[PDB]
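In: chains from the complex, first installment, not repositioned:
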Amino acid sequence: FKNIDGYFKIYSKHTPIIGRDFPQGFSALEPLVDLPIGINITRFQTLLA
Amino acid sequence: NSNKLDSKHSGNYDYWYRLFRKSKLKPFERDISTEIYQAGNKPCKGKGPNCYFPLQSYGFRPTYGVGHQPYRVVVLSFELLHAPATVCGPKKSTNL
């Protein structure tokens, strides 16, 4: 995620990789949504289930 | 120039503008807040000496000078970059 001049950009790629942890083989990321938030962001938090 | 809606008898002080901010504004960034400016070293919170309200009234009256008239300003931002566009003008559709 990024917030240059607003325009929130979300990049993603879903694949069942080897599954130990962060892989070593290279993988690309395909942008999914690019939406102009145009606000101020300083802090970040994640939700659960 | 908009003096017919932004002016009335006995004045109108509804508008606002900021003169006291700790730092600069970055382009296209809003800083709506009411925090009293720090003067000297006092953590003072309030009005009076060395404790100034960040924004003062932009009061407008029907009888001001041209430089003091209630000018109405609207700006338009464009993005002339390589991306799927949304807004156009006249449109013809001659077949490819």
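Out: In hand now; what should we look at? Numbers count the residues shown, from 1 in each chain, chains lettered A, B, ... in the order given.

In: is stretch B:85-96 in proximity to chain A?
Out: No. Residues of stretch B:85-96 are not located near chain A by C-beta under 8 Å from any C-beta of the partner chain, the shortest gap being 11.5 Å. In short, each C-beta sits where N, CA and C put it, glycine included.

In: ends of that stretch, how far apart?
Out: 20 Å (C-alpha to C-alpha, to the nearest Å).

In: how far is stretch B:48-55 from where the chain is centred?
Out: Centroid separation between stretch B:48-55 and its chain, computed with C-alpha atoms, centre = their mean, to the nearest Å, is 20 Å.

In: pull the CA atoms of it into CSV?
Out: Output in CSV follows, covering the C-alpha atoms of stretch B:48-55 (Å, rounded to 0.1, in the frame of the first residue of the first chain):
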residue,chain,number,x,y,z
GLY,B,48,-4.6,36.4,25.2
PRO,B,49,-0.9,37.3,25.4
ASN,B,50,1.5,34.9,23.7
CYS,B,51,-1.5,32.5,23.2
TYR,B,52,-3.1,33.3,19.8
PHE,B,53,-6.1,31.6,18.2
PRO,B,54,-4.7,29.9,15.0
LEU,B,55,-7.4,31.3,12.7
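
In: slot chain C in:
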Amino acid sequence: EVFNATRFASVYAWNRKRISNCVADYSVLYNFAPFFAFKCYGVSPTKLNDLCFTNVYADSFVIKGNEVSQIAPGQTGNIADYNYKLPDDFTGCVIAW
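Out: The block that follows adds chain C to the chains above:
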């Protein structure tokens, strides 16, 4: 000597002091008076120590409370019309304590 004076002239005869050949430090102004109206028009109260000027005039006069709000560019009243009129194109500051 302009803010430690004891006989600030009246508004009808406003004493005008020409300030020349000096370094304008505004901390001596900030520590000398617990201000109540330090509004500026051409510069910023914060931005004063980083700009260089040709000449400075300090007009000093003691006046009533509402007349403080009266004193401003493009104003009216018994003081703004007959005693002291601030030009609409004024590049400076007023200080009231």
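
In: show me which residues of chain B sit near chain C.
Out: B:19-20, B:37, B:39-40, B:48-50, B:52, B:56, B:64-65, B:67-68.

In: out of these, which is nearest to chain C?
Out: The shortest gap between chain C and any of those belongs to residue B:49, at 3.5 Å (C-beta to the nearest C-beta).

In: identify the residue nearest residue C:91 in space, chain neighbours excluded?
Out: Of all residues not flanking residue C:91 in the chain, residue C:42 sits nearest, at 3.1 Å (C-beta to C-beta, 6 or more residues apart in numbering or on different chains).

In: residues in contact with the residue in chain C positioned nearest to chain B?
Out: Here chain C gets closest to chain B at one residue, residue C:34, 3.5 Å apart by C-beta to the nearest C-beta. By C-beta atoms under 8 Å, 6 or more residues apart in numbering or on different chains, the contact list for residue C:34 reads B:48, B:49, B:50, C:97.

In: distance check, the residue nearest to residue C:91 against chain A.
Out: In this view, residue C:42 and chain A are 31 Å apart by C-beta to the nearest C-beta, to the nearest Å.
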